[PDB]
$ cat target25.pdb   # PDB, N, CA and C atoms
ATOM      1  N   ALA A   1      13.826 -37.181 -63.084  1.00  0.00           N
ATOM      2  CA  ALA A   1      12.737 -37.661 -62.242  1.00  0.00           C
ATOM      3  C   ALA A   1      13.224 -38.830 -61.395  1.00  0.00           C
ATOM      4  N   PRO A   2      14.164 -38.578 -60.485  1.00  0.00           N
ATOM      5  CA  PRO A   2      14.591 -39.615 -59.542  1.00  0.00           C
ATOM      6  C   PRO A   2      13.661 -39.661 -58.348  1.00  0.00           C
ATOM      7  N   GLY A   3      12.456 -39.132 -58.528  1.00  0.00           N
ATOM      8  CA  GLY A   3      11.577 -38.839 -57.417  1.00  0.00           C
ATOM      9  C   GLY A   3      12.027 -37.616 -56.667  1.00  0.00           C
ATOM     10  N   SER A   4      12.457 -36.587 -57.387  1.00  0.00           N
ATOM     11  CA  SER A   4      13.180 -35.478 -56.784  1.00  0.00           C
ATOM     12  C   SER A   4      14.294 -36.130 -55.971  1.00  0.00           C
ATOM     13  N   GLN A   5      14.472 -35.770 -54.707  1.00  0.00           N
ATOM     14  CA  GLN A   5      15.523 -36.348 -53.890  1.00  0.00           C
ATOM     15  C   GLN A   5      15.472 -35.724 -52.510  1.00  0.00           C
ATOM     16  N   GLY A   6      16.305 -36.207 -51.594  1.00  0.00           N
ATOM     17  CA  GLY A   6      16.466 -35.550 -50.315  1.00  0.00           C
ATOM     18  C   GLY A   6      16.658 -34.058 -50.473  1.00  0.00           C
ATOM     19  N   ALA A   7      15.746 -33.274 -49.897  1.00  0.00           N
ATOM     20  CA  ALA A   7      15.768 -31.819 -50.044  1.00  0.00           C
ATOM     21  C   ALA A   7      15.677 -31.125 -48.686  1.00  0.00           C
ATOM     22  N   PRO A   8      16.505 -31.532 -47.718  1.00  0.00           N
ATOM     23  CA  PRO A   8      16.433 -30.924 -46.384  1.00  0.00           C
ATOM     24  C   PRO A   8      17.164 -29.597 -46.292  1.00  0.00           C
ATOM     25  N   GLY A   9      16.492 -28.511 -46.659  1.00  0.00           N
ATOM     26  CA  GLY A   9      17.127 -27.213 -46.614  1.00  0.00           C
ATOM     27  C   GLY A   9      16.191 -26.025 -46.624  1.00  0.00           C
ATOM     28  N   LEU A  10      16.488 -25.028 -45.798  1.00  0.00           N
ATOM     29  CA  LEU A  10      15.796 -23.745 -45.836  1.00  0.00           C
ATOM     30  C   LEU A  10      16.664 -22.804 -44.999  1.00  0.00           C
ATOM     31  N   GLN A  11      16.107 -21.657 -44.622  1.00  0.00           N
ATOM     32  CA  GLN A  11      16.880 -20.493 -44.195  1.00  0.00           C
ATOM     33  C   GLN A  11      18.104 -20.807 -43.344  1.00  0.00           C
ATOM     34  N   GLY A  12      19.170 -20.045 -43.566  1.00  0.00           N
ATOM     35  CA  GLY A  12      20.410 -20.215 -42.841  1.00  0.00           C
ATOM     36  C   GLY A  12      20.453 -19.452 -41.535  1.00  0.00           C
ATOM     37  N   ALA A  13      21.401 -18.524 -41.406  1.00  0.00           N
ATOM     38  CA  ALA A  13      21.601 -17.790 -40.164  1.00  0.00           C
ATOM     39  C   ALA A  13      20.839 -16.471 -40.135  1.00  0.00           C
ATOM     40  N   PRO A  14      19.668 -16.424 -39.496  1.00  0.00           N
ATOM     41  CA  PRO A  14      19.046 -15.130 -39.198  1.00  0.00           C
ATOM     42  C   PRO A  14      19.488 -14.608 -37.839  1.00  0.00           C
ATOM     43  N   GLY A  15      20.796 -14.453 -37.652  1.00  0.00           N
ATOM     44  CA  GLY A  15      21.334 -14.125 -36.347  1.00  0.00           C
ATOM     45  C   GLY A  15      21.595 -12.652 -36.106  1.00  0.00           C
ATOM     46  N   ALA A  16      22.869 -12.290 -35.945  1.00  0.00           N
ATOM     47  CA  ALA A  16      23.258 -10.912 -35.671  1.00  0.00           C
ATOM     48  C   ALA A  16      22.540 -10.397 -34.428  1.00  0.00           C
ATOM     49  N   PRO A  17      22.589  -9.092 -34.144  1.00  0.00           N
ATOM     50  CA  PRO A  17      21.818  -8.561 -33.008  1.00  0.00           C
ATOM     51  C   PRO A  17      20.334  -8.876 -33.074  1.00  0.00           C
ATOM     52  N   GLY A  18      19.833  -9.381 -34.196  1.00  0.00           N
ATOM     53  CA  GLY A  18      18.446  -9.790 -34.299  1.00  0.00           C
ATOM     54  C   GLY A  18      18.277 -11.293 -34.406  1.00  0.00           C
TER      55      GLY A  18
ATOM     56  N   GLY B   1      -7.483-112.843-136.946  1.00  0.00           N
ATOM     57  CA  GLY B   1      -7.398-112.116-135.699  1.00  0.00           C
ATOM     58  C   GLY B   1      -8.758-111.952-135.056  1.00  0.00           C
ATOM     59  N   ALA B   2      -8.783-111.139-134.007  1.00  0.00           N
ATOM     60  CA  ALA B   2     -10.015-110.858-133.285  1.00  0.00           C
ATOM     61  C   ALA B   2      -9.832-109.573-132.497  1.00  0.00           C
ATOM     62  N   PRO B   3     -10.923-108.913-132.117  1.00  0.00           N
ATOM     63  CA  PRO B   3     -10.803-107.649-131.383  1.00  0.00           C
ATOM     64  C   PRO B   3     -10.091-107.843-130.053  1.00  0.00           C
ATOM     65  N   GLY B   4      -9.615-106.732-129.501  1.00  0.00           N
ATOM     66  CA  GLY B   4      -9.051-106.742-128.167  1.00  0.00           C
ATOM     67  C   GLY B   4      -7.539-106.734-128.121  1.00  0.00           C
ATOM     68  N   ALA B   5      -6.911-105.895-128.941  1.00  0.00           N
ATOM     69  CA  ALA B   5      -5.456-105.754-128.967  1.00  0.00           C
ATOM     70  C   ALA B   5      -5.063-104.312-128.661  1.00  0.00           C
ATOM     71  N   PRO B   6      -5.518-103.763-127.523  1.00  0.00           N
ATOM     72  CA  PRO B   6      -5.312-102.332-127.263  1.00  0.00           C
ATOM     73  C   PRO B   6      -3.877-101.885-127.479  1.00  0.00           C
ATOM     74  N   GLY B   7      -3.668-101.050-128.498  1.00  0.00           N
ATOM     75  CA  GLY B   7      -2.321-100.602-128.810  1.00  0.00           C
ATOM     76  C   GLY B   7      -1.728 -99.716-127.730  1.00  0.00           C
ATOM     77  N   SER B   8      -2.521 -98.782-127.204  1.00  0.00           N
ATOM     78  CA  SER B   8      -2.051 -97.839-126.196  1.00  0.00           C
ATOM     79  C   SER B   8      -2.815 -97.967-124.884  1.00  0.00           C
ATOM     80  N   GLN B   9      -3.337 -99.152-124.582  1.00  0.00           N
ATOM     81  CA  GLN B   9      -3.911 -99.407-123.269  1.00  0.00           C
ATOM     82  C   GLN B   9      -2.950 -98.924-122.194  1.00  0.00           C
ATOM     83  N   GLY B  10      -3.362 -97.919-121.430  1.00  0.00           N
ATOM     84  CA  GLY B  10      -2.475 -97.361-120.428  1.00  0.00           C
ATOM     85  C   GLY B  10      -3.186 -96.378-119.531  1.00  0.00           C
ATOM     86  N   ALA B  11      -2.597 -96.170-118.357  1.00  0.00           N
ATOM     87  CA  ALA B  11      -3.133 -95.251-117.364  1.00  0.00           C
ATOM     88  C   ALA B  11      -2.090 -94.208-116.986  1.00  0.00           C
ATOM     89  N   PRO B  12      -1.412 -93.595-117.954  1.00  0.00           N
ATOM     90  CA  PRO B  12      -0.338 -92.659-117.606  1.00  0.00           C
ATOM     91  C   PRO B  12      -0.858 -91.538-116.725  1.00  0.00           C
ATOM     92  N   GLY B  13      -0.055 -91.171-115.732  1.00  0.00           N
ATOM     93  CA  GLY B  13      -0.408 -90.080-114.851  1.00  0.00           C
ATOM     94  C   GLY B  13      -0.989 -90.498-113.517  1.00  0.00           C
ATOM     95  N   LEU B  14      -1.998 -89.762-113.048  1.00  0.00           N
ATOM     96  CA  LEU B  14      -2.589 -89.952-111.730  1.00  0.00           C
ATOM     97  C   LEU B  14      -1.662 -89.499-110.610  1.00  0.00           C
ATOM     98  N   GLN B  15      -0.597 -88.769-110.947  1.00  0.00           N
ATOM     99  CA  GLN B  15       0.506 -88.581-110.006  1.00  0.00           C
ATOM    100  C   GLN B  15       0.044 -87.912-108.719  1.00  0.00           C
ATOM    101  N   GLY B  16      -0.659 -86.792-108.832  1.00  0.00           N
ATOM    102  CA  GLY B  16      -0.837 -85.868-107.728  1.00  0.00           C
ATOM    103  C   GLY B  16      -2.224 -85.957-107.115  1.00  0.00           C
ATOM    104  N   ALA B  17      -2.249 -86.073-105.799  1.00  0.00           N
ATOM    105  CA  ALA B  17      -3.427 -85.868-104.978  1.00  0.00           C
ATOM    106  C   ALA B  17      -3.302 -84.550-104.237  1.00  0.00           C
ATOM    107  N   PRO B  18      -4.398 -84.052-103.644  1.00  0.00           N
ATOM    108  CA  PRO B  18      -4.380 -82.688-103.098  1.00  0.00           C
ATOM    109  C   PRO B  18      -3.115 -82.387-102.314  1.00  0.00           C
ATOM    110  N   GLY B  19      -2.335 -81.426-102.801  1.00  0.00           N
ATOM    111  CA  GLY B  19      -1.033 -81.153-102.231  1.00  0.00           C
ATOM    112  C   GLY B  19      -1.128 -80.414-100.917  1.00  0.00           C
ATOM    113  N   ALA B  20      -0.208 -79.494-100.677  1.00  0.00           N
ATOM    114  CA  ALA B  20      -0.255 -78.691 -99.467  1.00  0.00           C
ATOM    115  C   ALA B  20      -1.345 -77.634 -99.598  1.00  0.00           C
ATOM    116  N   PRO B  21      -2.319 -77.587 -98.690  1.00  0.00           N
ATOM    117  CA  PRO B  21      -3.306 -76.502 -98.700  1.00  0.00           C
ATOM    118  C   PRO B  21      -2.769 -75.167 -98.211  1.00  0.00           C
ATOM    119  N   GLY B  22      -1.454 -75.034 -98.065  1.00  0.00           N
ATOM    120  CA  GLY B  22      -0.855 -73.817 -97.564  1.00  0.00           C
ATOM    121  C   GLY B  22       0.333 -74.079 -96.661  1.00  0.00           C
ATOM    122  N   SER B  23       0.375 -75.251 -96.032  1.00  0.00           N
ATOM    123  CA  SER B  23       1.440 -75.673 -95.128  1.00  0.00           C
ATOM    124  C   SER B  23       1.477 -74.853 -93.846  1.00  0.00           C
ATOM    125  N   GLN B  24       0.608 -73.858 -93.699  1.00  0.00           N
ATOM    126  CA  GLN B  24       0.463 -73.084 -92.472  1.00  0.00           C
ATOM    127  C   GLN B  24       1.760 -72.422 -92.021  1.00  0.00           C
ATOM    128  N   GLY B  25       2.694 -72.166 -92.934  1.00  0.00           N
ATOM    129  CA  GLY B  25       3.914 -71.466 -92.574  1.00  0.00           C
ATOM    130  C   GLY B  25       3.626 -70.203 -91.789  1.00  0.00           C
ATOM    131  N   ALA B  26       4.613 -69.704 -91.043  1.00  0.00           N
ATOM    132  CA  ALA B  26       4.404 -68.587 -90.129  1.00  0.00           C
ATOM    133  C   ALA B  26       3.114 -68.788 -89.345  1.00  0.00           C
ATOM    134  N   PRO B  27       2.856 -69.993 -88.848  1.00  0.00           N
ATOM    135  CA  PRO B  27       1.529 -70.292 -88.296  1.00  0.00           C
ATOM    136  C   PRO B  27       1.187 -69.426 -87.099  1.00  0.00           C
ATOM    137  N   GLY B  28       2.000 -69.532 -86.054  1.00  0.00           N
ATOM    138  CA  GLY B  28       1.738 -68.843 -84.810  1.00  0.00           C
ATOM    139  C   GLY B  28       2.963 -68.128 -84.289  1.00  0.00           C
ATOM    140  N   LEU B  29       2.835 -66.819 -84.107  1.00  0.00           N
ATOM    141  CA  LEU B  29       3.950 -65.972 -83.706  1.00  0.00           C
ATOM    142  C   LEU B  29       3.740 -65.331 -82.344  1.00  0.00           C
ATOM    143  N   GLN B  30       2.661 -64.567 -82.167  1.00  0.00           N
ATOM    144  CA  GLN B  30       2.465 -63.778 -80.959  1.00  0.00           C
ATOM    145  C   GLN B  30       3.792 -63.206 -80.483  1.00  0.00           C
ATOM    146  N   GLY B  31       4.604 -62.722 -81.423  1.00  0.00           N
ATOM    147  CA  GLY B  31       5.920 -62.207 -81.107  1.00  0.00           C
ATOM    148  C   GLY B  31       5.895 -61.395 -79.835  1.00  0.00           C
ATOM    149  N   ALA B  32       5.128 -60.309 -79.851  1.00  0.00           N
ATOM    150  CA  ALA B  32       4.799 -59.528 -78.666  1.00  0.00           C
ATOM    151  C   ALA B  32       5.933 -59.472 -77.649  1.00  0.00           C
ATOM    152  N   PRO B  33       7.138 -59.052 -78.034  1.00  0.00           N
ATOM    153  CA  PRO B  33       8.164 -58.795 -77.018  1.00  0.00           C
ATOM    154  C   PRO B  33       7.819 -57.552 -76.216  1.00  0.00           C
ATOM    155  N   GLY B  34       7.357 -57.763 -74.993  1.00  0.00           N
ATOM    156  CA  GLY B  34       6.766 -56.720 -74.181  1.00  0.00           C
ATOM    157  C   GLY B  34       5.328 -57.043 -73.814  1.00  0.00           C
ATOM    158  N   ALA B  35       4.755 -56.157 -73.012  1.00  0.00           N
ATOM    159  CA  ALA B  35       3.392 -56.383 -72.551  1.00  0.00           C
ATOM    160  C   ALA B  35       2.831 -55.165 -71.832  1.00  0.00           C
ATOM    161  N   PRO B  36       1.602 -55.254 -71.323  1.00  0.00           N
ATOM    162  CA  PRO B  36       1.181 -54.340 -70.252  1.00  0.00           C
ATOM    163  C   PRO B  36       2.090 -54.522 -69.049  1.00  0.00           C
ATOM    164  N   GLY B  37       1.821 -53.835 -67.945  1.00  0.00           N
ATOM    165  CA  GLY B  37       2.825 -53.750 -66.902  1.00  0.00           C
ATOM    166  C   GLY B  37       3.583 -52.443 -66.957  1.00  0.00           C
ATOM    167  N   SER B  38       2.820 -51.359 -66.847  1.00  0.00           N
ATOM    168  CA  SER B  38       3.327 -49.996 -66.912  1.00  0.00           C
ATOM    169  C   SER B  38       4.699 -49.864 -66.263  1.00  0.00           C
ATOM    170  N   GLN B  39       5.580 -49.098 -66.903  1.00  0.00           N
ATOM    171  CA  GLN B  39       6.847 -48.701 -66.307  1.00  0.00           C
ATOM    172  C   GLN B  39       6.934 -47.184 -66.284  1.00  0.00           C
ATOM    173  N   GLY B  40       7.717 -46.669 -65.347  1.00  0.00           N
ATOM    174  CA  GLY B  40       7.953 -45.248 -65.262  1.00  0.00           C
ATOM    175  C   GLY B  40       9.430 -44.955 -65.373  1.00  0.00           C
ATOM    176  N   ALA B  41       9.822 -44.340 -66.482  1.00  0.00           N
ATOM    177  CA  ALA B  41      11.198 -43.882 -66.631  1.00  0.00           C
ATOM    178  C   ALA B  41      11.742 -43.265 -65.351  1.00  0.00           C
ATOM    179  N   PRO B  42      10.987 -42.450 -64.617  1.00  0.00           N
ATOM    180  CA  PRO B  42      11.500 -41.884 -63.365  1.00  0.00           C
ATOM    181  C   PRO B  42      11.663 -42.903 -62.256  1.00  0.00           C
ATOM    182  N   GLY B  43      12.032 -42.389 -61.083  1.00  0.00           N
ATOM    183  CA  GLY B  43      11.992 -43.157 -59.861  1.00  0.00           C
ATOM    184  C   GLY B  43      11.503 -42.264 -58.740  1.00  0.00           C
ATOM    185  N   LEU B  44      11.206 -42.886 -57.602  1.00  0.00           N
ATOM    186  CA  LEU B  44      10.896 -42.149 -56.375  1.00  0.00           C
ATOM    187  C   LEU B  44       9.726 -41.186 -56.567  1.00  0.00           C
ATOM    188  N   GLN B  45       8.872 -41.438 -57.554  1.00  0.00           N
ATOM    189  CA  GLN B  45       7.816 -40.490 -57.880  1.00  0.00           C
ATOM    190  C   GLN B  45       6.602 -40.683 -56.983  1.00  0.00           C
ATOM    191  N   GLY B  46       5.905 -39.581 -56.712  1.00  0.00           N
ATOM    192  CA  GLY B  46       4.759 -39.609 -55.826  1.00  0.00           C
ATOM    193  C   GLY B  46       5.121 -40.153 -54.461  1.00  0.00           C
ATOM    194  N   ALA B  47       5.952 -39.414 -53.720  1.00  0.00           N
ATOM    195  CA  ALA B  47       6.507 -39.930 -52.473  1.00  0.00           C
ATOM    196  C   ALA B  47       7.598 -39.051 -51.862  1.00  0.00           C
ATOM    197  N   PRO B  48       8.545 -38.502 -52.659  1.00  0.00           N
ATOM    198  CA  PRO B  48       9.748 -37.900 -52.057  1.00  0.00           C
ATOM    199  C   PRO B  48       9.463 -36.980 -50.882  1.00  0.00           C
ATOM    200  N   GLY B  49      10.014 -37.325 -49.727  1.00  0.00           N
ATOM    201  CA  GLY B  49       9.866 -36.546 -48.516  1.00  0.00           C
ATOM    202  C   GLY B  49       9.113 -37.307 -47.441  1.00  0.00           C
TER     203      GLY B  49
END
$ encode --input "target25.pdb" --output "structure tokens"
Amino acid sequence: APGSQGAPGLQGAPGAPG
Amino acid sequence: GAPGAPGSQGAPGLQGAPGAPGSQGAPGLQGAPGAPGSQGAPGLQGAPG
């Protein structure tokens, strides 16, 4: 319980032809 | 002779008057190492982000 922490993260590369 | 030759005229004793009524040892401690003043083992709680 460090107050959770820095959690800046979500989806990566939705690239390709789409 | 005549009266008044007290053989054991004496007041032995009388030594002690009211001694210690307890001496109040261990009188006041309030040891109480610690107090109110909530602490939280965690950190950064109710806030992160």
$ atom_distance --input "target25.pdb" --atom1 "atom CA of residue 38 of chain B" --atom2 "atom C of residue 5 of chain A"
23.6 Å
$ closest_atom_pairs --input "target25.pdb" --of "chain A" --to "chain B" --cutoff "12 Å" --atoms "only C-alpha atoms" --output "Markdown table"
| residue | atom | partner | partner_atom | distance |
| --- | --- | --- | --- | --- |
| A:1 | CA | B:42 | CA | 4.5 |
| A:2 | CA | B:43 | CA | 4.4 |
| A:3 | CA | B:44 | CA | 3.5 |
| A:4 | CA | B:48 | CA | 6.3 |
| A:5 | CA | B:48 | CA | 6.3 |
| A:6 | CA | B:49 | CA | 6.9 |
| A:7 | CA | B:49 | CA | 7.7 |
| A:8 | CA | B:49 | CA | 8.9 |
| A:9 | CA | B:49 | CA | 12.0 |
$ axis_aligned_box --input "target25.pdb" --around "segment 1-18 of chain B" --padding-each-side "3 Å" --output "AutoDock Vina command-line options"
--center_x -5.2 --center_y -97.6 --center_z -119.6 --size_x 17.4 --size_y 36.5 --size_z 40.6
$ atom_distance --input "target25.pdb" --atom1 "atom C of residue 11 of chain B" --atom2 "atom N of residue 23 of chain B"
28.4 Å
$ build_atoms --input "target25.pdb" --residues "segment 29-44 of chain B" --atoms "N, CA, C and O atoms" --output "compact mmCIF listing (two decimals), in the coordinates of the input"
# COMPACT_ATOMS: atom_id res chain seq x y z
N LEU B 29 2.84 -66.82 -84.11
CA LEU B 29 3.95 -65.97 -83.71
C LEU B 29 3.74 -65.33 -82.34
O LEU B 29 4.55 -65.55 -81.44
N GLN B 30 2.66 -64.57 -82.17
CA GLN B 30 2.46 -63.78 -80.96
C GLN B 30 3.79 -63.21 -80.48
O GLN B 30 4.08 -63.21 -79.28
N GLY B 31 4.60 -62.72 -81.42
CA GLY B 31 5.92 -62.21 -81.11
C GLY B 31 5.90 -61.40 -79.83
O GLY B 31 6.55 -61.75 -78.85
N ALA B 32 5.13 -60.31 -79.85
CA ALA B 32 4.80 -59.53 -78.67
C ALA B 32 5.93 -59.47 -77.65
O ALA B 32 5.72 -59.81 -76.48
N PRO B 33 7.14 -59.05 -78.03
CA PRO B 33 8.16 -58.80 -77.02
C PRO B 33 7.82 -57.55 -76.22
O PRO B 33 7.97 -56.42 -76.69
N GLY B 34 7.36 -57.76 -74.99
CA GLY B 34 6.77 -56.72 -74.18
C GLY B 34 5.33 -57.04 -73.81
O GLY B 34 4.76 -58.06 -74.22
N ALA B 35 4.76 -56.16 -73.01
CA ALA B 35 3.39 -56.38 -72.55
C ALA B 35 2.83 -55.16 -71.83
O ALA B 35 3.50 -54.13 -71.74
N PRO B 36 1.60 -55.25 -71.32
CA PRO B 36 1.18 -54.34 -70.25
C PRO B 36 2.09 -54.52 -69.05
O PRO B 36 3.05 -55.30 -69.12
N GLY B 37 1.82 -53.84 -67.94
CA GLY B 37 2.82 -53.75 -66.90
C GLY B 37 3.58 -52.44 -66.96
O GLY B 37 4.81 -52.41 -67.11
N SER B 38 2.82 -51.36 -66.85
CA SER B 38 3.33 -50.00 -66.91
C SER B 38 4.70 -49.86 -66.26
O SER B 38 4.97 -50.46 -65.22
N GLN B 39 5.58 -49.10 -66.90
CA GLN B 39 6.85 -48.70 -66.31
C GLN B 39 6.93 -47.18 -66.28
O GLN B 39 6.31 -46.50 -67.10
N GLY B 40 7.72 -46.67 -65.35
CA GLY B 40 7.95 -45.25 -65.26
C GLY B 40 9.43 -44.96 -65.37
O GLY B 40 10.21 -45.30 -64.48
N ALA B 41 9.82 -44.34 -66.48
CA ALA B 41 11.20 -43.88 -66.63
C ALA B 41 11.74 -43.26 -65.35
O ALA B 41 12.89 -43.57 -64.99
N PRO B 42 10.99 -42.45 -64.62
CA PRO B 42 11.50 -41.88 -63.36
C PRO B 42 11.66 -42.90 -62.26
O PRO B 42 11.48 -44.11 -62.44
N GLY B 43 12.03 -42.39 -61.08
CA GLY B 43 11.99 -43.16 -59.86
C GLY B 43 11.50 -42.26 -58.74
O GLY B 43 11.36 -41.05 -58.91
N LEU B 44 11.21 -42.89 -57.60
CA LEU B 44 10.90 -42.15 -56.38
C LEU B 44 9.73 -41.19 -56.57
O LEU B 44 9.59 -40.20 -55.84
